[PDB]
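Visitor: Protein sequence lines correspond, in order, to chains A and D.
The opening residue of the first sequence carries number 2 in PDB author numbering; numbering runs sequentially from there.
The opening residue of the second sequence carries number 2 in PDB author numbering; numbering runs sequentially from there.
We treat Cβ as the ideally placed atom computed from N, Cα and C, and that holds for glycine.
Number of protein chains: 2
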Amino acid sequence: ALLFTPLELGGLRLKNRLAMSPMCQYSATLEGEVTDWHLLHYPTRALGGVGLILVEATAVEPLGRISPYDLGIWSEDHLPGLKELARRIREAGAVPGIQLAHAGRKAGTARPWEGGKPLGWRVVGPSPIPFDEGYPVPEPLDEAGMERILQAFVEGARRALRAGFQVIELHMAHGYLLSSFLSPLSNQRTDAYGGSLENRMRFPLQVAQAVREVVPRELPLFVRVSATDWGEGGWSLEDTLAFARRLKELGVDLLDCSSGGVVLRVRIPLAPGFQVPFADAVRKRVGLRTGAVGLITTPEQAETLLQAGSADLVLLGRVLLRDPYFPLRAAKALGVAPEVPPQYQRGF
Amino acid sequence: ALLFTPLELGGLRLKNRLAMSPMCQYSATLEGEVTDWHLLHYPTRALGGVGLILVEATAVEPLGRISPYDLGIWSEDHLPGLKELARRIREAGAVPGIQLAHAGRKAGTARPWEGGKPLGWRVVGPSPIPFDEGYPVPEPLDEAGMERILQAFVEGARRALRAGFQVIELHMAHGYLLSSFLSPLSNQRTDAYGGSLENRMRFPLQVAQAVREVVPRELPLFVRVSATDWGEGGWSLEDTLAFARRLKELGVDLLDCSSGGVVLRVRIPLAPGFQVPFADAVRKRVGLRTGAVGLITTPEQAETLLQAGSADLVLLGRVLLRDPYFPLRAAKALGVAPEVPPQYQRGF
Ligand SMILES: Cc1cc2nc3c(=O)[nH]c(=O)nc-3n(C[C@H](O)[C@H](O)[C@H](O)COP(=O)(O)O)c2cc1C
Ligand SMILES: Cc1cc2nc3c(=O)[nH]c(=O)nc-3n(C[C@H](O)[C@H](O)[C@H](O)COP(=O)(O)O)c2cc1C
């Protein structure tokens, strides 16, 4: 059972191949601090059996937030709450990781259950092109802006390591800041950071590199990407291949393969494992380890994409929101005896 | 779906008919205090959707414990811990209840996962008959001792109310103190508290009467009983019916119907729903509301026993240890849009 076989990354060993995918909770304080919500939400899924938890998008600057209730990491005062959250994650038996994020032209919307409407922030972008109707026109970054944000990512990693997180993921997916540099749908710059594939990769590759320099080799650096934006003439799987090789050269440990999010009006052919092809290709054609994600909900299905070499790691989101103990019960279903809290032995 | 229709009990309205059955976690301090374990374990199940959480057997007197890490309620110093627990359960959307307990002749054994051996306490009971081989001979209570234990239950129940608990269950099941007074495999006293059925019910009814007096009518008092002991000549369903009638006269709101526990060398015909005929008999022949429990694992099963009139309340134990969010996912399986935390809406 490969799902429940340990997985070496950097100098770690994940006790299994299930990870909790990052999922925004919109439940931080207004100054972006960890609250009781997270201290219950994450250790629950850790008792639940995943080997790795990736804490939701965590803004590396106040204007990089999605919502006013996002986790932040732009401040030393975020350290105590973050350090407490990684500690309860480890104590409930998983490796604590965290996704560092900047929301670019999609920054500044209400929580989704409070309407999810733009708030009117000075959001920033590659090109002065609104995400969709009703959204602000991002102002396009000059080079000093880019360098400020790269530092914010670099200092956010340093701060996450000090908080005791052992796996950092760089969010470069879903139409947020770095993803929007990648795609020509959102990026129409005519300087060195737009136009060609190489140019559109430039800034995101500078960020990975500068973050990689401050994360020692023992701790894995993930990058999440939208493997395609699903748009006519948009970013494609082939582009993703090119971007993958450059990440591998820089020493990124694992590409976490999502898709979409750059613009709205595109056809997304959603289905169980619809993004699994993207993990499989990168892994087999570039030789960079991949995380698969997207409508993975069943133990036989996670096992199978593993057996097939489509990925190294299986990431779960939604199934864990409604069934946080999925992984303990999944093992049994694959004929593996689950390691469960002694308290709970008589439930298995 | 009856399973998701409210239930009025006393002055309060349970939001659905599912309840977390009481389950020892053996995770308190040596002095019996709430710890971080409980403050994670219980609210997880509250978020997971039960209307009622019944906190595990909580001993009204130190020698009344099963393990040395049982919750206690014999001291005011228990109050801030118990209060924080009831608070967090309520804040996660369930009504907090607690089972008041005294382990009797089965008192003082090690944690299950540490061997569960007797530990040599001066355990007490109705008669000097060990539970099984290996176990101390209990000291027979005198009137004074019975009065002392009666008053610990009373102060127990008073303390629980001041902590914010809104349902109190009396543990008279499972071979523990009050259950050993009911069964003639454990009660062979020759005074007013043994011999005849009337005598054998005598102490247990006095406790139920004394607790009922300090628990406002607005707030439901439950009693758990072992509806049979499964022993030749032992406590029987017919006995349970007569006990139930008396409990009902005293103003007990609901009978929680379990079985077994008194002695070890009996055969229990385990099957899904096996204790359901006990709840069904009491409820239809006595008119006392009942809670059904025992290998209930499935929304359709839980709904069907309610449709049948077999019980008013469905208690879940082990399925909630392995699947704490069962009830949210059970509403949907039953055609009901679950109320789930806004954070989790997209998982459903
Ligand atoms: C409520 C919610 C919040 C999410 N937040 C993030 C996020 O913080 N960063 C990210 O890369 N993806 C985020 N996602 C996407 C999930 O991580 C996951 O990639 C996606 O839901 C597909 O996996 P699934 O079908 O297993 O849920 C979020 C998804 C949901 C439903
Ligand atoms: C670990 C564990 C602890 C238990 N603790 C108690 C207890 O505190 N009080 C009680 O009356 N029964 C207790 N029981 C029995 C359960 O509450 C329940 O009646 C029984 O397990 C059958 O229901 P189930 O099949 O849904 O688990 C416990 C059972 C287990 C599994």
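Run the proximity test for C25 (chain A): is its beta-carbon closer than 6 angstroms to any non-hydrogen atom belonging to ligand 1?
Guide: Correct: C25 (chain A) has its Cβ closer than 6 angstroms to ligand 1.
Visitor: With three or more beta-carbon pairs closer than 8 angstroms as the criterion, would you say the region 37-49 of chain A touches the region 243-257 of chain A?
Guide: No: the two stretches stay apart, fewer than three of their Cβ pairs being nearer than 8 angstroms.
Visitor: Within this structure, are the beta carbons of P221 (chain A) and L10 (chain A) separated by less than 7 angstroms?
Guide: Their beta carbons are under 7 angstroms apart, which means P221 (chain A) touches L10 (chain A) by this criterion.
Visitor: Taking buried to mean at least 16 other C-beta atoms within 10 Å of its own C-beta, is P273 (chain A) buried or exposed?
Guide: Looking at its Cβ environment, which holds fewer than 16 other Cβ atoms inside 10 Å, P273 (chain A) is exposed.
Visitor: Compute the beta-carbon to beta-carbon distance between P205 (chain A) and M173 (chain A), rounded to the nearest angstrom, for a pair I have assumed lies under 8 angstroms.
Guide: About 5 angstroms; that satisfies the 8 angstroms criterion.
Visitor: Can you tell which of D:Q167, D:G196 and D:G295 has the C-alpha that lies nearest to the C-alpha of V226 (chain D)?
Guide: Ranking D:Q167, D:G196 and D:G295 by Cα distance to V226 (chain D) puts D:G295 first.
Visitor: Apart from the five residues just before and just after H39 (chain A), which ones in its own chain have a Cβ nearer than 7 angstroms to its Cβ?
Guide: Within the same chain, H39 (chain A) has close Cβ partners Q26, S28 and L86.
Visitor: Any chance the region 177-186 of chain A sits against the region 232-239 of chain A, with 3 or more Cβ pairs inside 8 angstroms?
Guide: Contact between the region 177-186 of chain A and the region 232-239 of chain A is present, because at least three Cβ pairs lie under 8 angstroms.
Visitor: Would you report the Cα separation of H103 (chain D) and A334 (chain A), rounded to the nearest angstrom?
Guide: Computed Cα separation, rounded: 38 angstroms.
Visitor: Any chance the CB of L296 (chain A) is under 6 angstroms from a heavy atom of ligand 4?
Guide: Absence of ligand 4 from the depicted structure is noted, with ligand 1 and ligand 2 being the only ligands included.
Visitor: Hey, would you say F154 (chain A) sits closer than 7 angstroms to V61 (chain A), going by beta carbons?
Guide: Yes.
Visitor: Can you pull the chain A neighbours of residue 352 (chain D), defined as C-beta to C-beta under 9 angstroms?
Guide: Nothing can be reported for residue 352 (chain D), as the shown portion of chain D is limited to 2 through 349.
Visitor: Just to confirm, is the Cβ distance from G261 (chain D) to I269 (chain D) under 7 angstroms?
Guide: The answer is yes: Cβ separation under 7 angstroms.
Visitor: Taking 7 angstroms as the CB-CB cut-off, is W114 (chain A) touching chain D?
Guide: Taking Cβ atoms only, chain D reaches closer than 7 angstroms to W114 (chain A), which makes this a yes.
Visitor: Shortest alpha-carbon distance to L151 (chain A) belongs to which of A:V215, A:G195 and A:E57?
Guide: It is A:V215 whose Cα lies nearest to the Cα of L151 (chain A).
Visitor: For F182 (chain D), is the classification buried or exposed, using 16 other Cβ atoms within 10 angstroms of its Cβ as the cut-off for buried?
Guide: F182 (chain D) should be labelled buried.
Visitor: Quick one: does the C-beta of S22 (chain A) sit closer than 6 angstroms to a heavy atom of ligand 1?
Guide: True, at least one ligand heavy atom lies under 6 angstroms from that Cβ.
Visitor: For the beta strand (DSSP E) holding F154 (chain A), just list the boundary residues, first then last.
Guide: Where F154 (chain A) is concerned, there is no enclosing beta strand (DSSP E), although the alpha helix (DSSP H) it sits in stretches over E144 to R163.
Visitor: In whole angstroms, what separates the C-alpha of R347 (chain A) from that of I90 (chain A)?
Guide: One C-alpha to the other measures close to 23 angstroms.
Visitor: Taking Cβ-Cβ distances below 8 angstroms as the criterion, which residues of the region 17-48 of chain A are in contact with chain D?
Guide: Within the region 17-48 of chain A, the qualifying residues are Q26, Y27, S28, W38, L41, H42, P44, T45 and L48.
Visitor: Using 7 angstroms as the threshold, is the C-beta distance between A303 (chain A) and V277 (chain A) below it?
Guide: No, Cβ-Cβ distance for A303 (chain A) and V277 (chain A) is not below 7 angstroms.
Visitor: Does the distance from the CB of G105 (chain D) to the CB of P119 (chain D) come in under 7 angstroms?
Guide: It is not a contact, given that the beta carbons lie outside the stated cut-off.
Visitor: Could you pull out every residue in the same chain whose Cβ sits closer than 8 angstroms to the Cβ of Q308 (chain A), ignoring the five residues on either side in sequence?
Guide: Closer than 8 angstroms at Cβ, skipping near neighbours: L3.
Visitor: Could you give the DSSP three-state label for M24 (chain A): helix, strand or coil?
Guide: The answer is coil: DSSP assigns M24 (chain A) none of H, G, I, E or B.
Visitor: As a quick exercise: from A:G157, A:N17, A:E140 and A:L19, pick the residue whose alpha carbon is nearest that of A108 (chain A).
Guide: Checking every option, the nearest Cα to that of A108 (chain A) belongs to A:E140.
Visitor: Would you say the beta carbon of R319 (chain D) comes nearer than 6 angstroms to a heavy atom of ligand 2?
Guide: Answer for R319 (chain D): yes, Cβ within range of ligand 2.
Visitor: Between the Cα of residue 350 (chain D) and the Cα atoms of D:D281, D:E115 and D:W75, which residue gives the shortest distance?
Guide: With chain D covering only 2 through 349, there is no way to say anything about residue 350 (chain D).
Visitor: For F275 (chain A), count neighbouring C-beta atoms within 10 Å of its own C-beta (all shown protein chains included) and say buried if the count is 16 or more, exposed if not.
Guide: The residue is exposed, with fewer than 16 neighbouring Cβ atoms inside 10 Å.
Visitor: Using three-state DSSP, classify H42 (chain D) as helix, strand or coil.
Guide: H42 (chain D): helix per DSSP, three-state reduction.
Visitor: Which chain D residues sit within Cβ distance under 7 angstroms of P343 (chain A)?
Guide: Near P343 (chain A) (Cβ distances below 7 angstroms), the residues of chain D are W114.
Visitor: Across which residues does DSSP place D257 (chain A) in a beta bridge pair?
Guide: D257 (chain A) is bridged to A:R225 and A:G292.
Visitor: Is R319 (chain A) close to chain D? Criterion is C-beta to C-beta, closer than 7 angstroms.
Guide: Yes - at least one Cβ of chain D is within 7 angstroms of the one on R319 (chain A).
Visitor: Per the DSSP calculation, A60 (chain A) is bridged to which residue(s)?
Guide: A:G73 and A:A102, per the DSSP bridge assignment.
Visitor: Just checking: is the beta-carbon of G348 (chain A) within a distance shorter than 7 angstroms of some beta-carbon in chain D?
Guide: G348 (chain A) counts as touching chain D.
Visitor: Taking the alpha carbon of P339 (chain A) as the reference point, which residue from A:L8, A:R14 and A:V51 has its own alpha carbon closest?
Guide: Residue A:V51 is the option with its Cα nearest to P339 (chain A).
Visitor: When DSSP builds the beta bridges, which residues end up paired with residue 1 (chain A)?
Guide: Only positions 2 to 349 of chain A appear in this structure, which leaves residue 1 (chain A) out of reach.
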